[PDB]
Amino acid sequence: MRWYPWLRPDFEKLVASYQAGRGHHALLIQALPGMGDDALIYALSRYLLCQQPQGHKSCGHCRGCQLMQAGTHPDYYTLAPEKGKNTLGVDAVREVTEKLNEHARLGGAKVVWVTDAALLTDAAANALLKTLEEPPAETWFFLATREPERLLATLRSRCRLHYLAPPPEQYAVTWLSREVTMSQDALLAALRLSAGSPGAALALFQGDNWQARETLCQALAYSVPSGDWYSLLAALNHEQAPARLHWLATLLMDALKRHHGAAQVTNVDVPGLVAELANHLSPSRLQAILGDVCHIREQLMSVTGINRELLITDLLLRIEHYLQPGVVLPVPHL
Amino acid sequence: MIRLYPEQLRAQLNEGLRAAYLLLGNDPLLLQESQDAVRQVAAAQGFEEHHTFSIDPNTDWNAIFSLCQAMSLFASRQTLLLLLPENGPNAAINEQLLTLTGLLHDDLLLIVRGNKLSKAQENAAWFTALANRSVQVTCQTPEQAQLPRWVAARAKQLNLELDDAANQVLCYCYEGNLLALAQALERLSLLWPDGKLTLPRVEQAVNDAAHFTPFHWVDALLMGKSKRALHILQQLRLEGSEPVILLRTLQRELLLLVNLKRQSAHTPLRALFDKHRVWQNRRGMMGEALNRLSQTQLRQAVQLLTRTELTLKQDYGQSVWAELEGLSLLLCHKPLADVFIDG
Amino acid sequence: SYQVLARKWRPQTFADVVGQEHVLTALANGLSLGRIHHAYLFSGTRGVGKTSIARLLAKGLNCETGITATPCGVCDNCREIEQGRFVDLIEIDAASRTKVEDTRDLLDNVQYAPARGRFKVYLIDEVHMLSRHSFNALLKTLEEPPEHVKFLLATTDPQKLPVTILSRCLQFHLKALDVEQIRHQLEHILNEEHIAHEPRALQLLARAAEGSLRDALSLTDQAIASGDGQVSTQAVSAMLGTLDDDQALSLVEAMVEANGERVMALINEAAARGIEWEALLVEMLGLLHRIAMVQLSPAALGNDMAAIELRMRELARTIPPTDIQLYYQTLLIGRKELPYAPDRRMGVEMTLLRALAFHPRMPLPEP
Amino acid sequence: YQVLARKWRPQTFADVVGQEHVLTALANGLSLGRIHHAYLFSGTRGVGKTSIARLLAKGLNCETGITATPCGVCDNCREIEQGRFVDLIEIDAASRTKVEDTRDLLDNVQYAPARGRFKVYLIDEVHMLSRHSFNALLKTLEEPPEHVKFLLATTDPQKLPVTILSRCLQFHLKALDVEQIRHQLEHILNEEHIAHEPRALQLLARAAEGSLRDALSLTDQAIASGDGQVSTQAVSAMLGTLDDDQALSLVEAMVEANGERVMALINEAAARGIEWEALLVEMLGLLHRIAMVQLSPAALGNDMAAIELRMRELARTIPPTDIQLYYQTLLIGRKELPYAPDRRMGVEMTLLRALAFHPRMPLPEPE
Amino acid sequence: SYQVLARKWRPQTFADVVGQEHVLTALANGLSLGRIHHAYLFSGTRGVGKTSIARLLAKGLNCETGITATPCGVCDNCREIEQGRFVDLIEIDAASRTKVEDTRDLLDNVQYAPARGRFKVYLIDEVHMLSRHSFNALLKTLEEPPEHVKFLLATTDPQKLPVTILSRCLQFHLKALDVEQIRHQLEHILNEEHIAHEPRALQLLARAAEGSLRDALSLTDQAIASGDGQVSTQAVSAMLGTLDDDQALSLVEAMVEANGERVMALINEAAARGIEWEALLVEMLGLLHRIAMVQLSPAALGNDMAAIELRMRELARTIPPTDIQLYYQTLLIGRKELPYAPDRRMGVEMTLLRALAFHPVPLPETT
Amino acid sequence: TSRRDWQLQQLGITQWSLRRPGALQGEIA
Ligand SMILES: Nc1ncnc2c1ncn2[C@@H]1O[C@H](COP(=O)(O)OP(=O)(O)O)[C@@H](O)[C@H]1O
Ligand SMILES: Nc1ncnc2c1ncn2[C@@H]1O[C@H](COP(=O)(O)OP(=O)(O)O)[C@@H](O)[C@H]1O
Ligand SMILES: Nc1ncnc2c1ncn2[C@@H]1O[C@H](COP(=O)(O)OP(=O)(O)O)[C@@H](O)[C@H]1O
Ligand code: ALF
Ligand code: ALF
Ligand code: ALF
Ligand SMILES: [Mg+2]
Ligand SMILES: [Mg+2]
Ligand SMILES: [Mg+2]
Ligand SMILES: [Zn+2]
Ligand SMILES: [Zn+2]
Ligand SMILES: [Zn+2]
Ligand SMILES: [Zn+2]
């Protein structure tokens with residue numbers, strides 16, 4: 001949780017509202033992963049819970065600040081999924097709702113933070129509606145998500161929505177160059193893969209994900225001339241399958257764009273691979289493979305407990321089957 | 001640790017007893033018969049008490065230790081029986097057993113009944129200590145191949161004339177359930193004093209009580225017996241097993257077959273089996289399957305399996321058994337309309 | 001008045017019970033030869049005679065004359081057991097009392113000698129509902145039973161019982177009563193009751209019984225009520241039609257033979273009875289899938305679908321597979337598009353019409 | 001003001017609409033004296049299960065005796081009507097479904113009835129009972145005391161164990177017909193002195209499916225909206241359903257490929273401010289009715305008489321393929337409506353799509 | 001303390017509620033005529049005032065003056081209900097009280113007389129979230145409760161409720177507020193609050209509300225917070241990301257002429273400018289619909305598009321209607337699945353590629 | 001095959017062809 005500079009302007013607005021007392025009791029922040037919305041929410045909560053703040057900065061020495069640093073403030077309830085799980089249950093939401101009834105122990109404001117609104121189940125989202133609609137006095141909520149359209153309409157309508165705009169591409173590239181040392185094409189490719197969100201590309205570079213991407217690219221380069229896509233299984237069967245499927249979809253889309261003729265592509269560091277992919281496949285086949293890859297990624301991310309190995313094996317077998325002549329390709333439908 | 005089988009325990013009991021006895025296995029009938037024989041021999045030799053305990057988290061080990069240490073007024077050489085849990089002893093239970101065997105006495109005769117211990121469970125301090133002065137009887141349910149011999153031996157022991165057709169019918173109906181088969185033999189003997197059993201006589205007093213496991217279904221599919229596979233599937237459905245277990249058991253074998261078929265174009269089968277460490281007893285069977293199924297097949301099967309998995313785990317449908325039956329018929333050499341595949 | 005037809009005609013002698021020949025013969029031989037086990041367990045379907053046979057065995061196990069398979073029925077013990085108020089016969093409904101305390105008390109009661117009988121028999125009914133601790137106590141009591149104590153167990157789901165309890169008792173499994181025996185029993189009962197009847201009505205009642213004599217007697221009583229003191233073909237047929245709940249198979253059979261008016265009549269009949277349309281559609285899909293699999297292999301049809309075995313087998317034999325595949329595909333499309341139809345009933349009718357007198361045009365890969 | 005449903009609960013077998021078979025069976029059973037000890041009632045909601053159960057209970061305990069025509073004036077009948085009779089133990093199984101409640105209920109069934117000749121237990125919502133509760137009742141149902149009768153009512157009998165179903169006589173109630181509902185509503189309104197029109201009654205009966213309680217609730221809502229009277233316009237506004245004439249005219253315009261007329265009629269409808277989803281549903285229903293008329297002449301009821309002839313004209317001129325194409329096009333349009341930028345835009349685009357692919361008069365192509 | 005406009009402007013009387021005329025008229029007629037029902041179910045979309053209507057009805061029922069359709073709003077009962085501390089009004093959050101135990105406890109307190117009010121009102125919010133057992137437990141009491149208790153149900157998913165509950169309630173459907181009504185309410189609220197505004201901003205907010213007043217108020221509050229305390233047209237346009245310029249026309253023309261490079265360059269420039277993709281798709285769909293409608297009749301073009309009329313006319317002359325339908329359907333599909341794509345830009349590019357195939361540091365306190 | 005058929009297939013609309021005209025019982029042209 002680092003404070004990126006580009007978050008400074010938006011913060012300056014939000015806190016100002018809370019300085020005038022005309023602050024909404026339910027703020028929903030929309031931002032891509034790695035943008036730093038969590039840092040903004042933490043700063044806002046820290047300012048709210050400070051007993052005697054000056055300007056836009058918490059004092060850092062009052063009881064509230066000391067407890068926040070210790071992380072044992074009686075207020076500041078936090079909702080997050082269990083360590084072993086990946087969803088937020090109704091029990092935690094109901095417990096927080098029950099606890100909110102009583103007065104504030106420190107006599108200040110009560111802050112509730114939801115780690116990620118998209119992880120809430122249907123029951124939890126429905127339960128939180130009444131609490132969000134008419135919260136007690138001096139109660140503040142903070143929700144974070146990357147796609148508000150996924151949330152329930154009833155839940156969305158009860159929150160004031162604030163959107164964070166990613167910075168300019170040139171500024172992000174310069175910041176990444178100052179941070180990490182890599183080729184310009186690699187930086188551009190990482191930034192575009194992260195939907196132009198600096199911080200996510202930095203995280204991608206920090207881990208071994210770049211080596212996995214290179215291995216996947218080499219495997220695809222070997223596989224495309226041969227027509228044996230099954231070999232890609234070893235490069236895709238992993239806990240981070242959605243990211244690799246996203247990379248494959250990006251490669252296919254870049255190949256299709258090159259086939260149609262374009263100047264801007266996502267994969268800037270591998271012109272040879274995209275050119276070879278475009279040469280060896282028809283645009284219709286590329287479209288079909290892209291659609292299947294996206295559908296499989298969505299199914300993998302949505303369904304819980306689904307076995308990834310079987311799904312990926314079936315996907316690869318279907319991809320190999322499509323390339324045969326005289327086969328009905330799929331068509332999107334409602 | 002003297003290892004033995006139920007068919008030869010009697011002689012050992014005639015030779016002499018020992019400090020402890022281990023009855024590890026899965027079949028209930030063999031375990032019960034061995035326990036009864038051991039108890040009868042001990043009673044004949046001068047053992048009176050028959051203390052028994054079922055191992056559970058609520059069980060009190062202090063009472064067991066007190067019984068092992070205390071002495072009766074007008075009795076001596078008490079016997080102790082333990083019923084282990086199906087999963088087996090854990091670390092705490094291992095330490096408790098270590099203490100118990102530390103308190104073991106010559107007069108006390110210990111008997112333990114339960115499922116066979118795994119590689120980790122079987123390796124324990126108490127087990128190692130007991131191995132020096134213990135006799136273990138392995139009671140494993142006979143497979144289909146060996147069942148007719150066991151049935152014939154049991155029938156001969158009971159002074160009954162059993163025909164080949166009757167033996168086959170009894171094996172088919174009560175496969176995997178030795179207790180039911182023994183009770184059926186007793187009922188048939190009671191019905192006919194003459195003891196002459198023919199096919200109609202056994203047929204008129206036999207029902208279906210077979211017990212199977214997913215591995216049997218997978219093996220039946222691999223061999224290619226449609227009727228046996230369907231019967232096993234129906235019996236498993238009536239039992240009430242979870243389809244997910246069947247799907248996961250079949251997934252590994254199906255993926256292995258697909259990989260071998262893909263890699264069998266330019267490699268001998270023996271090399272692939274050695275690379276994959278395929279068990280010897282299965283090798284030939286596997287090869288047979290790999291020869292019966294074409295490459296176009298094993299792709300429709302994977303698609304149907306994935307569709308069934310998605311239906312079960314997303315829509316919560318109740319038509320999983322019908323799809324399993326269809327896939328079972330598909331694995332066997334059958335046309336299949338391909339409409340049900342939804343390819 | 002007249003008691004209840006089922007309750008009145010409970011068998012009181014081994015010669016009255018119909019069917020179950022093997023169990024009766026085995027019990028009679030065991031009693032005659034003195035080979036009596038320490039525990040019996042009767043299993044089977046509902047209304048086959050488990051409790052009746054258990055009571056008959058108890059009556060014949062304590063008769064004044066002696067241990068015999070043909071109890072006199074006239075001595076004090078037989079009469080009292082018939083009246084259900086015998087001192088030694090301790091009958092316990094395990095379903096009503098499952099807690100450990102009740103079973104503990106009942107099993108502790110065994111320590112006393114019988115009052116006026118050679119054996120003290122315990123008749124536990126619905127044993128599968130006992131608690132785990134109750135099972136433990138029963139096993140502890142049953143490992144070394146006294147010589148004068150016998151246990152009779154009646155159950156319908158024996159798989160619920162633990163293996164340890166099963167291994168200690170001899171299990172007798174009863175079979176279905178079959179159509180002919182049920183028909184003969186109904187004929188005998190009606191002749192004894194002086195009630196007019198017709199052979200076809202009795203045949204229909206036996207067919208609807210589905211291997212359960214109690215159900216047959218209940219349906220006979222209901223028909224007598226509907227028939228105004230008599231059984232007639234028309235009254236029984238109307239009663240069954242009112243109780244008929246197999247509209248899916250009838251709809252499939254009517255559709256496969258290209259009949260429109262019959263399909264409309266069946267749809268109206270189904271609408272008359274509260275039924276979920278999607279449930280009917282999925283049932284039809286399942287029936288078509290089963291027919292296709294039976295066509296692929298005759299062993300697909302299991303024992304569960306015994307009631308409609310003949311009609312499904314005939315449909316599989318006669319209908320070509322291509323028609324079955326087409327019907328399955330069109331009904332699948334209908335199920336897919338059902339939620340967006342103007343009405344559930346209208347959507348189902350439209351899908352039935354499409355499957356009846358239409359043929360979809362497949363995309364046919366043109367390139 | 002007591003609601004119509006509670007006020008007009010039947011109090012005699014002559015006040016029940018339909019259900020002829022069950023009433024006849026019960027009357028014959030009570031007259032002949034062949035009375036069972038376990039009755040189960042099944043059917044869809046609001047068809048008179050509890051009503052007939054209470055009527056039967058009143059008939060059993062009437063002071064005059066056991067008759068199929070209870071007086072309705074003696075003390076027992078009056079108390080049962082007021083729902084405070086001591087011998088009619090009414091149990092809400094949905095509220096009390098735990099096993100201990102069943103044990104407590106069964107522990108005190110031996111005692112004789114306080115004042116009546118029978119002690120009738122009437123359990124409602126039986127399907128909510130737990131499995132242990134179901135098992136605990138088996139012995140009592142099989143052999144209850146001579147002065148105890150069990151009455152059971154449920155909506156989904158398939159949820160009960162087969163064992164219970166074999167112990168009790170089953171009666172299935174059918175959904176009431178449209179004409180019966182209309183007649184009952186007319187009689188009730190006449191008794192209540194409320195103005196009404198035939199069209200309003202027809203619409204209410206159509207919208208009530210088959211449950212009379214729904215019809216009564218809709219009638220009460222219409223009376224409330226109509227300010228003390230039932231009018232066709234008030235019913236139409238309440239149901240929010242446009243008259244069939246506009247939809248029929250729009251469908252006819254679409255069939256003949258008259259774009260200007262269709263657009264003008266759509267603009268007129270928009271001026272009227274009707275709901276677009278209702279319009280699409282009505283058009284789909286009209287197309288389905290036309291298809292069913294093509295299937296058989298009798299598929300059309302008298303409810304469409306006002307336009308019947310004109311509708312029949314469309315049956316003998318449009319080929320079935322065109323009807324299917326229009327139906328599928330409208331269904332697809334309704335499927336994609338939610339994502340359209342506007343409801344009006346969605347409907348207009350659907351109509352334009354239908355016109356463009358018109359089999360006979362497609363829109364001219366460019367040159 | 002300060003409260004958001006959504007909760008501060010909650011209506012307090014029947015004269016402060018916009019639209020829903022039929023529901024208010026029905027309630028007033030029922031209260032005046034004295035025909036009071038014991039089960040009201042308000043159903044409809046979200047942000048239309050179901051809870052407000054229920055609260056107003058409860059306030060009217062328990063007013064000191066009497067049962068009136070126009071609550072005074074000044075007596076002790078009205079202000080107590082407004083403050084939410086009224087004893088006899090039990091507001092139950094069904095989304096957090098789904099367990100059967102809570103419902104059973106609730107139904108055991110229905111037999112007590114009200115504390116101070118003349119009725120005991122139970123207002124269940126979001127009743128669709130209760131479990132099946134809760135519904136079954138409610139059924140019995142809800143069918144015929146005491147005379148001093150009234151049930152009020154509010155939900156947005158009436159399909160979840162079982163038919164049994166729906167058959168015994170008065171259902172009131174709330175319509176979605178029109179754009180004009182929302183704009184009128186917004187301008188009234190802003191004038192009362194002394195906030196500067198312009199007609200175009202209010203029109204845009206009303207259009208974006210999608211028929212929900214709560215959404216309109218939330219958007220207005222967001223604009224005020226980000227608009228420096230002023231609702232300016234420029235600020236609202238920037239917040240909503242309206243296209244304004246003719247970017248959609250250029251994109252659709254490029255797509256129609258099948259020039260991949262042009263459309264890709266336009267998409268890249270738009271992404272660099274940072275626009276909303278949903279707005280772009282909606283604008284393109286509207287342009288396609290207008291082109292099709294103009295192709296129907298040359299005069300169908302509106303007067304607001306004159307500045308870009310001529311170009312559009314050329315499309316109507318060069319593109320067959322079937323191609324227009326295909327493009328509209330493809331864009332609609334792309335809009336439907338836009339959220340599920342890995343990136344919004346990727347989804348837009350995929351949809352356009354599909355369409356192209358158709359052709360002949362100051363850190364405050366954070367680590 | 002035909003352009004209209006391809007467009008209908010792309011739109012997802014399924015076209016139905018009569019198979020048993022004798023099944024229908026009524027005046028149909
Ligand atoms: N074999 C039979 N012969 C005659 N009647 C029978 C027979 N089996 C069951 N019944 C009838 O069923 C009733 C007894 O039910 P029973 O079969 O003992 O219950 P269960 O077998 O489910 O324990 C009696 O009313 C009896 O008339
Ligand atoms: N056969 C019938 N005759 C007259 N009214 C009926 C009939 N069936 C149902 N009703 C009406 O339906 C309402 C509710 O019936 P109810 O007792 O709830 O039946 P159920 O128990 O099947 O729901 C009553 O107000 C009653 O007037
Ligand atoms: N008809 C209406 N007139 C005025 N304001 C309304 C109306 N409907 C809803 N609102 C506004 O919406 C807010 C929340 O409404 P709510 O009670 O949640 O309705 P629902 O229960 O249908 O969501 C209220 O504070 C109110 O200001
Ligand atoms: F009497 Al039963 F199962 F119905 F034992
Ligand atoms: F009371 Al009901 F069906 F609603 F019997
Ligand atoms: F409070 Al609502 F729909 F009733 F948001
Ligand atoms: Mg019985
Ligand atoms: Mg009822
Ligand atoms: Mg609300
Ligand atoms: Zn501070
Ligand atoms: Zn006797
Ligand atoms: Zn009377
Ligand atoms: Zn007031």
# chains A, B, ... in the order shown; residues from 1 in each chain; ligands from 1
>>> residues_near_ligand(ligand="ligand 2", cutoff="6 Å", atoms="only C-alpha atoms and all ligand atoms", output="PyMOL selection string")
chain D and resi 5-6+8-10+16-18+45-51+212-213
>>> residues_around(residues="residue 154 of chain A", least_positions_apart="4", cutoff="8 Å", atoms="only C-alpha atoms", output="list in words")
residues 129 and 158 of chain A; 46 and 47 of chain E
>>> residues_near_ligand(ligand="ligand 9", cutoff="12 Å", atoms="only C-alpha atoms and all ligand atoms", output="short mmCIF file (atom, residue, chain, number, x, y, z; two decimals) with N, CA and C atoms, in the first residue's frame")
data_model
loop_
_atom_site.label_atom_id
_atom_site.label_comp_id
_atom_site.auth_asym_id
_atom_site.auth_seq_id
_atom_site.Cartn_x
_atom_site.Cartn_y
_atom_site.Cartn_z
N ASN A 126 -27.55 -7.92 -0.19
CA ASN A 126 -28.93 -7.61 0.18
C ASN A 126 -29.02 -7.16 1.63
N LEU A 129 -28.07 -3.42 2.43
CA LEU A 129 -28.83 -2.34 1.80
C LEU A 129 -29.43 -1.41 2.84
N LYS A 130 -30.15 -1.96 3.82
CA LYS A 130 -30.83 -1.11 4.80
C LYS A 130 -29.82 -0.33 5.63
N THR A 131 -28.70 -0.97 6.00
CA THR A 131 -27.68 -0.26 6.76
C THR A 131 -27.10 0.89 5.95
N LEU A 132 -26.86 0.68 4.66
CA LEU A 132 -26.33 1.76 3.83
C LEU A 132 -27.35 2.87 3.62
N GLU A 133 -28.64 2.54 3.56
CA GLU A 133 -29.65 3.54 3.25
C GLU A 133 -29.76 4.58 4.36
N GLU A 134 -29.87 4.13 5.61
CA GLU A 134 -30.09 5.01 6.76
C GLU A 134 -29.10 4.66 7.86
N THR A 154 -29.66 -1.98 -6.81
CA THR A 154 -30.11 -1.39 -5.56
C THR A 154 -28.93 -0.92 -4.72
N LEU A 155 -27.88 -1.74 -4.63
CA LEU A 155 -26.70 -1.34 -3.87
C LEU A 155 -26.01 -0.15 -4.53
N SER A 157 -27.26 2.25 -6.43
CA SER A 157 -28.02 3.49 -6.37
C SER A 157 -27.90 4.20 -5.03
N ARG A 158 -27.42 3.54 -3.98
CA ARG A 158 -27.35 4.12 -2.65
C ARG A 158 -26.00 4.77 -2.35
N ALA E 6 -31.15 12.47 -0.70
CA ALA E 6 -31.98 11.28 -0.91
C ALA E 6 -32.88 11.01 0.29
N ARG E 7 -32.31 11.05 1.50
CA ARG E 7 -33.07 10.75 2.71
C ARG E 7 -33.74 11.96 3.32
N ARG E 10 -37.47 12.73 1.85
CA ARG E 10 -38.43 11.64 1.83
C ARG E 10 -39.84 12.20 1.99
N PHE E 42 -46.29 -4.21 -2.08
CA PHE E 42 -45.85 -3.23 -3.06
C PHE E 42 -44.67 -3.80 -3.84
N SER E 43 -44.83 -3.92 -5.15
CA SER E 43 -43.81 -4.48 -6.02
C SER E 43 -43.49 -3.51 -7.14
N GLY E 44 -42.25 -3.56 -7.61
CA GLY E 44 -41.82 -2.70 -8.69
C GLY E 44 -40.31 -2.58 -8.71
N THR E 45 -39.85 -1.72 -9.62
CA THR E 45 -38.42 -1.46 -9.75
C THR E 45 -37.91 -0.73 -8.51
N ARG E 46 -36.62 -0.42 -8.48
CA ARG E 46 -36.01 0.21 -7.31
C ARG E 46 -36.00 1.72 -7.46
N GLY E 47 -35.95 2.41 -6.32
CA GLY E 47 -35.97 3.86 -6.31
C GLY E 47 -37.27 4.47 -6.79
N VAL E 48 -38.40 3.89 -6.41
CA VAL E 48 -39.71 4.42 -6.78
C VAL E 48 -40.58 4.75 -5.57
N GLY E 49 -40.18 4.36 -4.37
CA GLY E 49 -40.88 4.74 -3.16
C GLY E 49 -41.80 3.70 -2.56
N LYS E 50 -41.45 2.41 -2.65
CA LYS E 50 -42.26 1.39 -1.99
C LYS E 50 -42.27 1.59 -0.48
N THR E 51 -41.08 1.77 0.10
CA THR E 51 -40.99 1.94 1.55
C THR E 51 -41.68 3.22 2.00
N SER E 52 -41.55 4.30 1.22
CA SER E 52 -42.21 5.55 1.59
C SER E 52 -43.73 5.38 1.57
N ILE E 53 -44.26 4.70 0.55
CA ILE E 53 -45.70 4.46 0.49
C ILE E 53 -46.15 3.62 1.68
N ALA E 54 -45.38 2.58 2.01
CA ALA E 54 -45.75 1.74 3.15
C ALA E 54 -45.75 2.54 4.45
N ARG E 55 -44.73 3.38 4.65
CA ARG E 55 -44.67 4.19 5.86
C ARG E 55 -45.82 5.18 5.93
N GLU E 91 -40.60 -2.54 12.11
CA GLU E 91 -39.91 -2.56 10.83
C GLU E 91 -38.88 -3.69 10.84
N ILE E 92 -39.09 -4.68 9.98
CA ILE E 92 -38.29 -5.90 9.97
C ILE E 92 -37.47 -5.92 8.69
N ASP E 93 -36.15 -5.89 8.84
CA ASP E 93 -35.22 -6.02 7.72
C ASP E 93 -35.12 -7.51 7.38
N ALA E 94 -35.95 -7.95 6.44
CA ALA E 94 -35.98 -9.37 6.09
C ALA E 94 -34.65 -9.86 5.54
N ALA E 95 -33.83 -8.96 4.99
CA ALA E 95 -32.52 -9.36 4.48
C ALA E 95 -31.55 -9.77 5.58
N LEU E 123 -44.02 -3.98 9.08
CA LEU E 123 -43.50 -3.53 7.79
C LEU E 123 -42.24 -4.34 7.51
N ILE E 124 -42.36 -5.32 6.61
CA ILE E 124 -41.27 -6.21 6.26
C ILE E 124 -40.62 -5.67 4.99
N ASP E 125 -39.35 -5.30 5.08
CA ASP E 125 -38.61 -4.76 3.94
C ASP E 125 -37.85 -5.88 3.24
N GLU E 126 -38.00 -5.96 1.92
CA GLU E 126 -37.30 -6.95 1.11
C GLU E 126 -37.67 -8.37 1.54
N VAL E 127 -38.98 -8.64 1.56
CA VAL E 127 -39.48 -9.94 2.00
C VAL E 127 -39.02 -11.07 1.10
N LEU E 153 -45.87 -5.50 3.05
CA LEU E 153 -44.74 -6.14 2.41
C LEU E 153 -44.22 -5.26 1.28
N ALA E 154 -42.90 -5.09 1.22
CA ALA E 154 -42.25 -4.32 0.17
C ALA E 154 -41.13 -5.17 -0.43
N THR E 155 -41.12 -5.28 -1.75
CA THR E 155 -40.12 -6.10 -2.43
C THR E 155 -39.93 -5.58 -3.85
N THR E 156 -38.80 -5.98 -4.45
CA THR E 156 -38.48 -5.64 -5.83
C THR E 156 -38.36 -6.87 -6.72
N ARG E 214 -34.24 7.76 -6.83
CA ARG E 214 -33.08 7.69 -5.95
C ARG E 214 -31.79 7.85 -6.74
#
>>> residues_around(residues="segment 84-94 of chain A", least_positions_apart="2", cutoff="9 Å", atoms="only C-alpha atoms", output="list in words")
residues 79, 80, 81, 82, 96, 97, 98, 99, 116, 117, 118, 119, 120, 121, 122, 123, 124, 125, 127 and 128 of chain A; 96 of chain E
>>> write_last_selection(atoms="C-alpha atoms", output="short mmCIF file (atom, residue, chain, number, x, y, z; two decimals), in the first residue's frame")
data_model
loop_
_atom_site.label_atom_id
_atom_site.label_comp_id
_atom_site.auth_asym_id
_atom_site.auth_seq_id
_atom_site.Cartn_x
_atom_site.Cartn_y
_atom_site.Cartn_z
CA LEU A 79 -14.77 -6.33 6.08
CA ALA A 80 -12.50 -8.66 4.12
CA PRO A 81 -12.75 -12.26 2.89
CA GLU A 82 -11.35 -15.01 5.07
CA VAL A 96 -20.85 -5.30 11.74
CA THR A 97 -24.44 -4.12 11.33
CA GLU A 98 -25.28 -5.29 14.85
CA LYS A 99 -22.19 -3.63 16.31
CA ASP A 116 -13.79 -5.20 -2.44
CA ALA A 117 -17.50 -4.83 -3.17
CA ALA A 118 -17.35 -7.35 -6.02
CA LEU A 119 -16.52 -10.21 -3.62
CA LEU A 120 -19.77 -9.82 -1.65
CA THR A 121 -22.29 -12.61 -2.12
CA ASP A 122 -25.94 -11.97 -2.90
CA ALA A 123 -27.02 -12.41 0.73
CA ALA A 124 -24.41 -9.98 2.08
CA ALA A 125 -25.21 -7.36 -0.56
CA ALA A 127 -28.31 -7.42 3.94
CA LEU A 128 -26.12 -4.31 3.66
CA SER E 96 -30.99 -9.79 7.97
#
>>> residues_near_ligand(ligand="ligand 13", cutoff="6 Å", atoms="only C-alpha atoms and all ligand atoms", output="list in words")
residues 63, 64, 71, 72, 73, 74, 75, 77 and 78 of chain E
>>> write_last_selection(atoms="C-alpha atoms", output="compact mmCIF listing (two decimals), in the first residue's frame")
# COMPACT_ATOMS: atom_id res chain seq x y z
CA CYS E 63 -53.21 8.54 13.26
CA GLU E 64 -54.79 10.01 16.38
CA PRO E 71 -52.34 12.02 7.73
CA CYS E 72 -52.10 15.23 9.73
CA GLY E 73 -48.35 14.88 10.24
CA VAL E 74 -48.45 16.80 13.53
CA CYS E 75 -50.06 14.52 16.14
CA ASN E 77 -48.32 9.22 16.45
CA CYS E 78 -47.30 10.79 13.13
>>> residues_around(residues="residue 3 of chain D", least_positions_apart="3", cutoff="12 Å", atoms="only C-alpha atoms", output="list in words")
residues 6, 7, 8, 9, 192, 213, 216, 217, 218, 219, 220, 221, 223 and 224 of chain D; 30, 34, 35, 36, 37, 38, 39, 143, 144, 145, 147, 168, 169 and 170 of chain E
>>> residues_near_ligand(ligand="ligand 4", cutoff="10 Å", atoms="only C-alpha atoms and all ligand atoms", output="PyMOL selection string")
(chain C and resi 42-52+125-127+154-157+212+214-215) or (chain D and resi 135+138-139+141-142+162-167)
